[PDB]
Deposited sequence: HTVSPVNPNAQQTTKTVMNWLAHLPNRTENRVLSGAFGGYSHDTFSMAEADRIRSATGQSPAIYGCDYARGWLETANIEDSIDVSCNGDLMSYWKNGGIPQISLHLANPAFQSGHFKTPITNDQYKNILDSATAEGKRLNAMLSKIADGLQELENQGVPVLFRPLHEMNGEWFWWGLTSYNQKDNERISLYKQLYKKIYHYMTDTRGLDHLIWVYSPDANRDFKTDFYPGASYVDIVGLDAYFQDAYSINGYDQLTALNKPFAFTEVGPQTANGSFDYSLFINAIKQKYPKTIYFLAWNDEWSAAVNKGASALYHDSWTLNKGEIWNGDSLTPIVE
């Protein structure tokens, strides 16, 4: 069968990559893309983690991540928290046989700037969703700058794993719940409204056809599927998973039950041997199509088992996506 991006107008390369990703679990090898977070644009983003992995393993992560939004920063205009200068490196990563991933630690448009982990009321959340308000204008200012950045990548035909509004079932970011494991049906409904608002801004208003849309709840909180905006708005589902024991991560059955390709959209030690993580994928989470190790203390290069992780027969690394001018063959 053919798995198509939820954006029916998606670029051919993005279409081909999405279908290819969906068929990885039919393989006996090269069926889980490695990944690493490279950092926050114009703050911590660099190629240093990729290079540490090359040095330790002789291989590079298939996926390299950047985050555009430094949402803790106090700035004159809220959109100043967005920087897209990591694009050059992301485009080179694609040209050199990998794939970019972009997340957003968005500043909080309820307020003048910053406050990414300061909670808001449902009333404020409604203002944010209303383009006529001071709040909604701040959100749109941020979305416009993000889209300007994404446009750069679209112009070079670069598919992007785009992972907005993550960990929404957590109680830290402004866009999620306000209280630990406390259901709020209006908040859940408002989240879906915000997700769909961003989807339609990027896809319709800005015509961005190179985005693969990733839904990434936290593995250590309830309501993992309650926030799911639906089959027509999500390409890949996954867990942000920080754990001590790779074999007891919660949520795989629930998310795979949505019949979407599944990924470990973030991974790291909770505080650790990454070789046990790939082993656990084979036994417990076989439909995993990729993992993205976080940076700093969580990274593969600074923990045990980097070589075993990267050299495992299941692990698909930079340079193993393409065979010349076409993707490596699909197993149907």
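Missing from the model, relative to the deposited sequence, is only the stretch 272-275.
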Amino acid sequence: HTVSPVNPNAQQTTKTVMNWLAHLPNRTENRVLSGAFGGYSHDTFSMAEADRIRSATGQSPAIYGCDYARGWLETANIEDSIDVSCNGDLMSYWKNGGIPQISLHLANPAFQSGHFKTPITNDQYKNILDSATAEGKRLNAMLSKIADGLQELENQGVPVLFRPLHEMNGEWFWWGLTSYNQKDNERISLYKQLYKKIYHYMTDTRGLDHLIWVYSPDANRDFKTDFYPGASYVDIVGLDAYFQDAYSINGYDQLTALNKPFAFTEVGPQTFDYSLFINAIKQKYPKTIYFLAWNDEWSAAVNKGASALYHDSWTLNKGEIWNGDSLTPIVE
From here on, numbers count along this sequence of modelled residues.
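The stretch 128-136 shows the higher mean C-alpha B-factor when 210-218 is compared against 128-136 in the entry. When the two stretches 196-204 and 224-232 are set side by side, the higher mean Cα temperature factor goes to 224-232. Annotation for 275, 288, 59, 34: 275 ranks highest, by Cα B-factor. Residue-level inspection of the entry shows that, of 152, 245, 89, 167, 245 has the top Cα B-factor.
In the PDB entry, a CA B factor belonging to the lowest third of its chain's modelled residues is recorded for residue 262. For residue 83, the recorded CA temperature factor ranks within the middle third of the chain's modelled residues.
Split the chain's modelled residues into thirds by C-alpha temperature factor. Residue 65 is in the lowest one.
In the PDB entry, residue 240 places in the lowest third of its chain by CA B-factor. Placement of the Cα temperature factor of residue 269 within the chain: highest third of the modelled residues, per the deposited record.
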